[PDB]
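Below you'll find the structure, written out as structure tokens, and then a few comments.
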Amino acid sequence: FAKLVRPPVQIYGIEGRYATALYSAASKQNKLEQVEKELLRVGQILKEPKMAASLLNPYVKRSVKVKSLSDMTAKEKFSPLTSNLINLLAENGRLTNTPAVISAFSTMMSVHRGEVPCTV
């Protein structure tokens, strides 16, 4: 028993658009490095057992836990193109399957290089 198939998960659209709808502004600047490298942090933070008890703790609050995030946003890598996606990632509670959103960034971060007036 307990067979299960466990369908694949990594890319979809709505979740992938989150990064593309945040880095979209980042691209205009070229912070893909500060938003793609940062996004990688959110992935390791979820793998952290101790983090799971903080990134998903209903004991904190709706606007309280967001403050503690800054500590992981100003001492991890975030701050610029991730000092907004951080609150958004922990605004509704999408810090469970967020690692999938970061992956899309790697594919969306490569489409920005071609989507530019290549005259030089």
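Letters A, B, ... mark the chains of the structure tokens in the order given; residue numbers begin at 1 per chain; ligand numbers begin at 1, in order shown.
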For residue 115 of chain A, please output as a short mmCIF file (atom, residue, chain, number, x, y, z; two decimals) with C-alpha atoms, in the first residue's frame all residues within 12 Å (counting only C-alpha atoms; exclusion window: fewer than 6 positions along the same chain).
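Once everything was written out, this is around_3.cif:
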data_model
loop_
_atom_site.label_atom_id
_atom_site.label_comp_id
_atom_site.auth_asym_id
_atom_site.auth_seq_id
_atom_site.Cartn_x
_atom_site.Cartn_y
_atom_site.Cartn_z
CA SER A 24 9.98 42.32 -14.69
CA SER A 27 15.02 43.28 -15.67
CA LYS A 28 14.61 46.92 -16.67
CA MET A 108 12.40 33.82 -17.44
CA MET A 109 15.75 35.38 -16.61
#
Excluding same-chain residues fewer than 3 positions from residue 26 of chain A, what lies within 12 Å of it counting only C-alpha atoms, as a short mmCIF file (atom, residue, chain, number, x, y, z; two decimals) with N, CA, C and O atoms, in the first residue's frame?
data_model
loop_
_atom_site.label_atom_id
_atom_site.label_comp_id
_atom_site.auth_asym_id
_atom_site.auth_seq_id
_atom_site.Cartn_x
_atom_site.Cartn_y
_atom_site.Cartn_z
N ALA A 19 7.53 35.71 -9.98
CA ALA A 19 8.91 36.15 -10.13
C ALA A 19 9.05 37.04 -11.36
O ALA A 19 9.74 38.06 -11.32
N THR A 20 8.40 36.64 -12.45
CA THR A 20 8.46 37.41 -13.68
C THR A 20 7.70 38.72 -13.56
O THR A 20 7.97 39.67 -14.29
N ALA A 21 6.76 38.78 -12.62
CA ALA A 21 5.99 40.00 -12.41
C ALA A 21 6.64 40.87 -11.35
O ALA A 21 6.16 41.97 -11.06
N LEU A 22 7.75 40.40 -10.80
CA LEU A 22 8.49 41.16 -9.80
C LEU A 22 9.85 41.50 -10.35
O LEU A 22 10.34 42.62 -10.20
N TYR A 23 10.43 40.54 -11.05
CA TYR A 23 11.71 40.74 -11.67
C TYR A 23 11.51 41.54 -12.96
O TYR A 23 12.45 42.14 -13.47
N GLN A 29 16.23 47.10 -14.88
CA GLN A 29 17.43 47.58 -14.21
C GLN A 29 18.59 46.63 -14.47
O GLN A 29 19.72 47.06 -14.72
N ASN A 30 18.30 45.32 -14.39
CA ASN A 30 19.30 44.26 -14.59
C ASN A 30 19.67 43.65 -13.25
O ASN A 30 20.80 43.20 -13.05
N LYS A 31 18.70 43.62 -12.35
CA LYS A 31 18.91 43.06 -11.02
C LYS A 31 18.65 41.56 -11.01
O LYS A 31 18.68 40.94 -9.95
N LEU A 32 18.41 40.97 -12.19
CA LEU A 32 18.17 39.54 -12.29
C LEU A 32 19.15 38.76 -11.41
O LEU A 32 18.82 37.71 -10.88
N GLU A 33 20.35 39.31 -11.25
CA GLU A 33 21.37 38.69 -10.42
C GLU A 33 21.02 38.86 -8.94
O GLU A 33 21.25 37.96 -8.13
N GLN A 34 20.47 40.01 -8.61
CA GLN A 34 20.08 40.31 -7.23
C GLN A 34 18.69 39.76 -6.91
O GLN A 34 18.28 39.72 -5.75
N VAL A 35 17.97 39.32 -7.94
CA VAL A 35 16.63 38.77 -7.76
C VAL A 35 16.61 37.27 -8.02
O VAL A 35 15.75 36.55 -7.50
N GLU A 36 17.55 36.80 -8.83
CA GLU A 36 17.64 35.38 -9.15
C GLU A 36 18.52 34.68 -8.13
O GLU A 36 18.24 33.55 -7.73
N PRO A 80 16.90 44.43 -2.17
CA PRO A 80 16.53 45.25 -3.30
C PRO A 80 15.38 44.69 -4.14
O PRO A 80 14.26 45.19 -4.06
N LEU A 81 15.65 43.66 -4.94
CA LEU A 81 14.60 43.09 -5.77
C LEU A 81 13.96 41.93 -5.05
O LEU A 81 13.15 41.19 -5.62
N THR A 82 14.33 41.77 -3.79
CA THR A 82 13.81 40.72 -2.96
C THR A 82 13.24 41.28 -1.67
O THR A 82 12.73 40.53 -0.84
N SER A 83 13.31 42.60 -1.50
CA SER A 83 12.77 43.22 -0.30
C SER A 83 11.33 43.67 -0.55
O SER A 83 10.86 44.65 0.02
N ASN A 84 10.65 42.92 -1.40
CA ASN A 84 9.27 43.17 -1.75
C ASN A 84 8.62 41.82 -1.99
O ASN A 84 7.55 41.53 -1.48
N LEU A 85 9.34 40.99 -2.74
CA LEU A 85 8.90 39.64 -3.00
C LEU A 85 8.93 38.86 -1.70
O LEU A 85 8.26 37.83 -1.57
N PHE A 105 12.19 31.54 -12.66
CA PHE A 105 13.03 32.72 -12.79
C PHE A 105 14.25 32.44 -13.66
O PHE A 105 14.71 33.31 -14.40
N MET A 108 12.89 32.50 -17.10
CA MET A 108 12.40 33.82 -17.44
C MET A 108 13.54 34.82 -17.44
O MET A 108 13.49 35.84 -18.13
N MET A 109 14.59 34.51 -16.68
CA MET A 109 15.75 35.38 -16.61
C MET A 109 16.61 35.25 -17.86
O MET A 109 17.49 36.06 -18.11
N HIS A 112 14.95 37.49 -20.94
CA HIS A 112 15.12 38.93 -20.85
C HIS A 112 16.35 39.37 -21.65
O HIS A 112 16.42 40.51 -22.10
#
Q.
What's the separation between atom CA of residue 65 of chain A and atom CA of residue 25 of chain A, in Å to one decimal place?
A. 25.7 Å
List every residue of chain A that DSSP, applied to the backbone of this structure, assigns to helix (DSSP H, G or I), and report them as an mmCIF file with N, CA and C atoms, in the first residue's frame.
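That gives us part_34.cif:
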data_model
loop_
_atom_site.group_PDB
_atom_site.id
_atom_site.type_symbol
_atom_site.label_atom_id
_atom_site.label_comp_id
_atom_site.auth_asym_id
_atom_site.auth_seq_id
_atom_site.Cartn_x
_atom_site.Cartn_y
_atom_site.Cartn_z
ATOM 1 N N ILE A 14 1.177 30.651 -13.095
ATOM 2 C CA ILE A 14 0.757 31.623 -12.094
ATOM 3 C C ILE A 14 1.850 31.847 -11.054
ATOM 4 N N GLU A 15 2.430 30.757 -10.564
ATOM 5 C CA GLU A 15 3.493 30.847 -9.572
ATOM 6 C C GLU A 15 4.776 31.356 -10.215
ATOM 7 N N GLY A 16 4.998 30.964 -11.465
ATOM 8 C CA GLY A 16 6.181 31.406 -12.177
ATOM 9 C C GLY A 16 6.082 32.861 -12.581
ATOM 10 N N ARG A 17 4.853 33.344 -12.742
ATOM 11 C CA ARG A 17 4.622 34.732 -13.120
ATOM 12 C C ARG A 17 4.942 35.666 -11.961
ATOM 13 N N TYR A 18 4.871 35.145 -10.737
ATOM 14 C CA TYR A 18 5.168 35.945 -9.554
ATOM 15 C C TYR A 18 6.559 36.551 -9.663
ATOM 16 N N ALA A 19 7.532 35.708 -9.981
ATOM 17 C CA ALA A 19 8.907 36.154 -10.129
ATOM 18 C C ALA A 19 9.053 37.039 -11.358
ATOM 19 N N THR A 20 8.402 36.644 -12.446
ATOM 20 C CA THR A 20 8.462 37.407 -13.682
ATOM 21 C C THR A 20 7.701 38.720 -13.556
ATOM 22 N N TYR A 23 10.434 40.537 -11.047
ATOM 23 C CA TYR A 23 11.711 40.743 -11.671
ATOM 24 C C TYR A 23 11.512 41.538 -12.960
ATOM 25 N N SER A 24 10.270 41.560 -13.478
ATOM 26 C CA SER A 24 9.976 42.317 -14.692
ATOM 27 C C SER A 24 10.549 43.720 -14.562
ATOM 28 N N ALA A 25 10.344 44.316 -13.392
ATOM 29 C CA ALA A 25 10.877 45.636 -13.110
ATOM 30 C C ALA A 25 12.377 45.521 -12.900
ATOM 31 N N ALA A 26 12.782 44.405 -12.299
ATOM 32 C CA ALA A 26 14.191 44.136 -12.048
ATOM 33 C C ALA A 26 14.970 44.066 -13.357
ATOM 34 N N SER A 27 14.382 43.415 -14.359
ATOM 35 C CA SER A 27 15.015 43.276 -15.665
ATOM 36 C C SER A 27 15.361 44.642 -16.244
ATOM 37 N N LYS A 28 14.408 45.569 -16.167
ATOM 38 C CA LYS A 28 14.615 46.922 -16.674
ATOM 39 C C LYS A 28 15.894 47.517 -16.099
ATOM 40 N N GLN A 29 16.228 47.104 -14.880
ATOM 41 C CA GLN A 29 17.431 47.582 -14.215
ATOM 42 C C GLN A 29 18.593 46.627 -14.467
ATOM 43 N N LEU A 32 18.409 40.972 -12.186
ATOM 44 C CA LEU A 32 18.171 39.537 -12.292
ATOM 45 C C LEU A 32 19.147 38.764 -11.412
ATOM 46 N N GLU A 33 20.345 39.312 -11.254
ATOM 47 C CA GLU A 33 21.366 38.686 -10.421
ATOM 48 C C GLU A 33 21.023 38.856 -8.943
ATOM 49 N N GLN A 34 20.465 40.014 -8.606
ATOM 50 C CA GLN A 34 20.075 40.315 -7.232
ATOM 51 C C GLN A 34 18.688 39.757 -6.914
ATOM 52 N N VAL A 35 17.966 39.323 -7.945
ATOM 53 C CA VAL A 35 16.627 38.774 -7.758
ATOM 54 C C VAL A 35 16.606 37.270 -8.022
ATOM 55 N N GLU A 36 17.550 36.801 -8.828
ATOM 56 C CA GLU A 36 17.643 35.382 -9.153
ATOM 57 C C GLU A 36 18.520 34.677 -8.134
ATOM 58 N N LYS A 37 19.569 35.366 -7.703
ATOM 59 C CA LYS A 37 20.470 34.818 -6.709
ATOM 60 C C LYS A 37 19.797 34.873 -5.353
ATOM 61 N N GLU A 38 19.004 35.919 -5.140
ATOM 62 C CA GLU A 38 18.283 36.063 -3.898
ATOM 63 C C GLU A 38 17.205 34.992 -3.810
ATOM 64 N N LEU A 39 16.396 34.885 -4.861
ATOM 65 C CA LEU A 39 15.330 33.889 -4.909
ATOM 66 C C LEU A 39 15.854 32.516 -4.502
ATOM 67 N N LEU A 40 17.119 32.251 -4.815
ATOM 68 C CA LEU A 40 17.733 30.976 -4.465
ATOM 69 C C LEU A 40 17.759 30.798 -2.952
ATOM 70 N N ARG A 41 17.843 31.916 -2.236
ATOM 71 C CA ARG A 41 17.867 31.894 -0.780
ATOM 72 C C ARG A 41 16.549 31.360 -0.232
ATOM 73 N N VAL A 42 15.442 31.883 -0.754
ATOM 74 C CA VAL A 42 14.116 31.460 -0.322
ATOM 75 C C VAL A 42 13.970 29.943 -0.404
ATOM 76 N N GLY A 43 14.696 29.331 -1.335
ATOM 77 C CA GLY A 43 14.635 27.891 -1.491
ATOM 78 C C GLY A 43 15.320 27.159 -0.354
ATOM 79 N N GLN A 44 16.503 27.631 0.024
ATOM 80 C CA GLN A 44 17.260 27.019 1.108
ATOM 81 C C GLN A 44 16.575 27.265 2.449
ATOM 82 N N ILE A 45 15.897 28.404 2.559
ATOM 83 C CA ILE A 45 15.193 28.759 3.784
ATOM 84 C C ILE A 45 14.046 27.792 4.056
ATOM 85 N N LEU A 46 13.439 27.278 2.993
ATOM 86 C CA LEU A 46 12.331 26.342 3.135
ATOM 87 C C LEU A 46 12.838 24.954 3.512
ATOM 88 N N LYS A 47 14.041 24.625 3.058
ATOM 89 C CA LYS A 47 14.643 23.335 3.364
ATOM 90 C C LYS A 47 15.109 23.298 4.815
ATOM 91 N N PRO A 49 14.806 23.059 8.468
ATOM 92 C CA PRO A 49 13.806 22.568 9.422
ATOM 93 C C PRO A 49 13.391 23.639 10.423
ATOM 94 N N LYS A 50 14.370 24.392 10.915
ATOM 95 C CA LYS A 50 14.105 25.454 11.879
ATOM 96 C C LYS A 50 13.290 26.574 11.240
ATOM 97 N N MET A 51 13.490 26.774 9.941
ATOM 98 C CA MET A 51 12.773 27.812 9.209
ATOM 99 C C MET A 51 11.308 27.434 9.024
ATOM 100 N N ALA A 52 11.054 26.147 8.811
ATOM 101 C CA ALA A 52 9.693 25.660 8.620
ATOM 102 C C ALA A 52 8.815 26.005 9.818
ATOM 103 N N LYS A 65 5.254 38.647 11.543
ATOM 104 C CA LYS A 65 6.222 37.759 10.913
ATOM 105 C C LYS A 65 6.910 38.449 9.738
ATOM 106 N N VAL A 66 6.217 39.407 9.120
ATOM 107 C CA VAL A 66 6.775 40.132 7.986
ATOM 108 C C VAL A 66 7.979 40.969 8.409
ATOM 109 N N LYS A 67 7.979 41.410 9.664
ATOM 110 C CA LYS A 67 9.079 42.213 10.185
ATOM 111 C C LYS A 67 10.315 41.349 10.397
ATOM 112 N N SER A 68 10.119 40.186 11.009
ATOM 113 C CA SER A 68 11.219 39.264 11.259
ATOM 114 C C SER A 68 11.872 38.850 9.947
ATOM 115 N N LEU A 69 11.100 38.898 8.864
ATOM 116 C CA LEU A 69 11.611 38.538 7.550
ATOM 117 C C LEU A 69 12.775 39.443 7.168
ATOM 118 N N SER A 70 12.613 40.743 7.418
ATOM 119 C CA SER A 70 13.650 41.724 7.111
ATOM 120 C C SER A 70 15.010 41.252 7.611
ATOM 121 N N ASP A 71 15.009 40.528 8.726
ATOM 122 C CA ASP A 71 16.249 40.012 9.296
ATOM 123 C C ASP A 71 16.864 38.968 8.374
ATOM 124 N N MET A 72 16.014 38.294 7.607
ATOM 125 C CA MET A 72 16.469 37.291 6.657
ATOM 126 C C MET A 72 16.501 37.892 5.257
ATOM 127 N N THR A 73 16.170 39.178 5.179
ATOM 128 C CA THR A 73 16.162 39.900 3.921
ATOM 129 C C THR A 73 17.328 40.882 3.868
ATOM 130 N N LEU A 85 9.342 40.989 -2.736
ATOM 131 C CA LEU A 85 8.900 39.642 -3.003
ATOM 132 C C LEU A 85 8.931 38.855 -1.701
ATOM 133 N N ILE A 86 9.717 39.345 -0.728
ATOM 134 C CA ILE A 86 9.816 38.679 0.556
ATOM 135 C C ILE A 86 8.492 38.765 1.309
ATOM 136 N N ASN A 87 7.944 39.973 1.392
ATOM 137 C CA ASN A 87 6.675 40.186 2.075
ATOM 138 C C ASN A 87 5.540 39.534 1.295
ATOM 139 N N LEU A 88 5.646 39.580 -0.031
ATOM 140 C CA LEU A 88 4.638 38.991 -0.902
ATOM 141 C C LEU A 88 4.641 37.472 -0.782
ATOM 142 N N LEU A 89 5.830 36.898 -0.621
ATOM 143 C CA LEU A 89 5.962 35.453 -0.488
ATOM 144 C C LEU A 89 5.395 34.982 0.847
ATOM 145 N N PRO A 99 9.716 27.266 -3.928
ATOM 146 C CA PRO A 99 10.891 26.792 -4.668
ATOM 147 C C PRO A 99 10.604 26.623 -6.156
ATOM 148 N N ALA A 100 9.334 26.414 -6.488
ATOM 149 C CA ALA A 100 8.926 26.243 -7.876
ATOM 150 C C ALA A 100 8.925 27.579 -8.611
ATOM 151 N N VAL A 101 8.677 28.655 -7.870
ATOM 152 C CA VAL A 101 8.650 29.993 -8.448
ATOM 153 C C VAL A 101 10.054 30.452 -8.827
ATOM 154 N N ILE A 102 11.039 30.039 -8.036
ATOM 155 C CA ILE A 102 12.428 30.406 -8.288
ATOM 156 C C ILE A 102 12.942 29.755 -9.567
ATOM 157 N N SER A 103 12.532 28.511 -9.799
ATOM 158 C CA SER A 103 12.951 27.778 -10.988
ATOM 159 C C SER A 103 12.540 28.518 -12.256
ATOM 160 N N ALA A 104 11.300 28.992 -12.283
ATOM 161 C CA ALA A 104 10.788 29.721 -13.436
ATOM 162 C C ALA A 104 11.634 30.958 -13.718
ATOM 163 N N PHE A 105 12.193 31.537 -12.659
ATOM 164 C CA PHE A 105 13.028 32.725 -12.790
ATOM 165 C C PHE A 105 14.245 32.438 -13.661
ATOM 166 N N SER A 106 14.764 31.220 -13.560
ATOM 167 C CA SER A 106 15.935 30.826 -14.335
ATOM 168 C C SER A 106 15.613 30.747 -15.822
ATOM 169 N N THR A 107 14.359 30.456 -16.142
ATOM 170 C CA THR A 107 13.939 30.364 -17.532
ATOM 171 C C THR A 107 13.432 31.711 -18.019
ATOM 172 N N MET A 108 12.890 32.501 -17.101
ATOM 173 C CA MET A 108 12.395 33.819 -17.445
ATOM 174 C C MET A 108 13.543 34.818 -17.444
ATOM 175 N N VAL A 111 15.078 34.823 -20.924
ATOM 176 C CA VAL A 111 14.269 35.398 -21.989
ATOM 177 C C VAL A 111 14.400 36.918 -22.015
ATOM 178 N N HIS A 112 14.946 37.489 -20.940
ATOM 179 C CA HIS A 112 15.124 38.925 -20.851
ATOM 180 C C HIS A 112 16.348 39.373 -21.647
ATOM 181 N N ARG A 113 17.311 38.466 -21.806
ATOM 182 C CA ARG A 113 18.529 38.778 -22.538
ATOM 183 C C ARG A 113 18.239 38.949 -24.025
ATOM 184 N N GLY A 114 17.306 38.152 -24.536
ATOM 185 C CA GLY A 114 16.952 38.230 -25.941
ATOM 186 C C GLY A 114 15.922 39.306 -26.223
#
Q: Considering only C-alpha atoms, state which residue in the set A:78, A:90, A:63, A:98 is at the smallest distance from residue 10 of chain A.
A: A:98
Q.
From the options A:8, A:53, A:13, A:64, which residue's atoms come nearest to residue 91 of chain A, counting only C-alpha atoms?
A.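 Selected residue with least distance to residue 91 of chain A: A:64.
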